[PDB]
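In our numbering, each residue's number is its place in the sequence shown (first place is 1) plus 74.
No residue lacks a Cβ here, since even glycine has one placed at the ideal position from N, Cα and C.
Just below is one structure, and these are the notes that go with it.
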Amino acid sequence: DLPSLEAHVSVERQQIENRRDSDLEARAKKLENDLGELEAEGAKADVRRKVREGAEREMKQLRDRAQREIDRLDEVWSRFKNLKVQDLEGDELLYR
């Protein structure tokens with residue numbers, strides 16, 4: 075049954091990448107809206123750029139979390155691939 079298994083994991087990865095691109099588009103739109111709202115406000119660079127820095131950090135952590143979750147999905151798939159009897163396995167979360 076392995077064929078269907080890698081088909082399923084590939085489909086999950088494709089959906090994850092689609093969600094990532096949707097997040098990219100949404101954050102780009104939000105940044106554009108924020109820029110437009112404060113486009114006419116003439117103030118210091120940091121005062122107007124603090125919100126932009128926060129949004130960029132939010133996107134950075136979002137992409138880092140996406141990378142981490144895809145990496146753990148790949149790790150779980152690899153672990154199941156080479157699973158045999160008498161294999162000790164801690165990591166309660168991984169077993170669940």
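{"Check": "Can you give me the Cβ contacts of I144 inside the same chain, cut-off strictly under 8 Å, excluding the 5 residues immediately before and after it?", "Outcome": "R87, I90"}
{"Check": "I'd like the list of long-range same chain contacts for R142, defined as Cβ closer than 6 Å, with 5 residues on each side in sequence excluded.", "Outcome": "none"}
{"Check": "Let's see if you can read the secondary structure: which residues bound the alpha helix (DSSP H) around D161?", "Outcome": "First-last for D161: undefined, no H or E at that position."}
{"Check": "Is it the case that the Cβ atoms of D108 and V85 are separated by a distance below 8 Å?", "Outcome": "no"}
{"Check": "Taking 7 Å as the limit between beta carbons, can you name the residues of its chain near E99, skipping five residues before and five after?", "Outcome": "none"}
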